[PDB]
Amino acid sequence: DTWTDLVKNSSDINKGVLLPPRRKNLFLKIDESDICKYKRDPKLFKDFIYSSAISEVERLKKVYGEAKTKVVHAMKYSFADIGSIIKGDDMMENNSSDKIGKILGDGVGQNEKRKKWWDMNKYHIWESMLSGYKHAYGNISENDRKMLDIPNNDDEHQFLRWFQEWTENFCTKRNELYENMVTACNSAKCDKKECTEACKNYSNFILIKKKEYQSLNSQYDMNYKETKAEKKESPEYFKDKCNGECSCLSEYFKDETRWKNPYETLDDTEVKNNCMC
């Protein structure tokens, strides 16, 4: 559930990069034992990568359960991450990316061999994940398939995807918790009954994510905004990239780092006093 800093080179060029729970939970481990089983037998390695993609879709249903949109959206992230794992771009520490490099006949810090392997399997890896989705929900709907298109995340910088995911998940939870804060109190001018419990939860949440964002935005500004993120600002870029569910970052936190007061980010002026009593 937490956004850990278990990333590669986090003291160096990856300072402030946070690792998504979804990615931490993406099981894809190669042991140094099976380094030869996969090298001499190219299609055995394939069946393992395909089934790792399979199991990932099976894991996602266990988490989100009957939330079709919430599972499909994560598939596209996990799919892309497998690409990063394969290509060597991945940022997690014990990702066994070193072992994959040797298996695909590249090794010693190269890219060409393992880059072409991904390029040749992207389609079939995704096709597996589609069969995994079908095994999870029964029948693939005739109008559901538009969501389940072959996704374009593979070439996009990983941190940018990870940050986008953070922001989406942040805005979804922030909105969810701000909704419970209204269905707990409408007027309570002052101590009343249950309202403050939600106020503590919303405030706590904003303050957990405050630190996380400060860490993620530290990396963004240093590297990715400077070269090519369309030179847009941190909250400004996600405002036009991932639809309207990353706008809450700009809509409530752009003008100033007003994270310092979590109650100031409330559009309704009525409920603001019950939490700030």
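Residue indices: 1-based, along the sequence shown.
Counting the unmodelled positions of the deposited sequence between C190 and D191 gives a gap of 4 to 9 residues. The question of which stretch, 179 to 187 or 118 to 126, has the higher mean Cα B factor is settled in favour of 179 to 187. Higher mean CA temperature factor between 14 to 22 and 249 to 257: 249 to 257, per the PDB entry. Comparing the listed residues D98, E165, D89, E197, the entry records the largest Cα B-factor for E197. The entry assigns its greatest Cα B factor, within the set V63, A229, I208, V57, to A229.
For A53, the recorded CA B-factor ranks within the lowest third of the chain. Only modelled residues enter the ranking. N201: CA B factor lies in the middle third for its chain, per the PDB record. Ranked by Cα temperature factor within the chain, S234 sits in the highest third according to the deposited record. The deposited CA B-factor of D106 belongs to the middle third of values across its chain. In the PDB entry, a CA B factor belonging to the highest third of its chain's modelled residues is recorded for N243.
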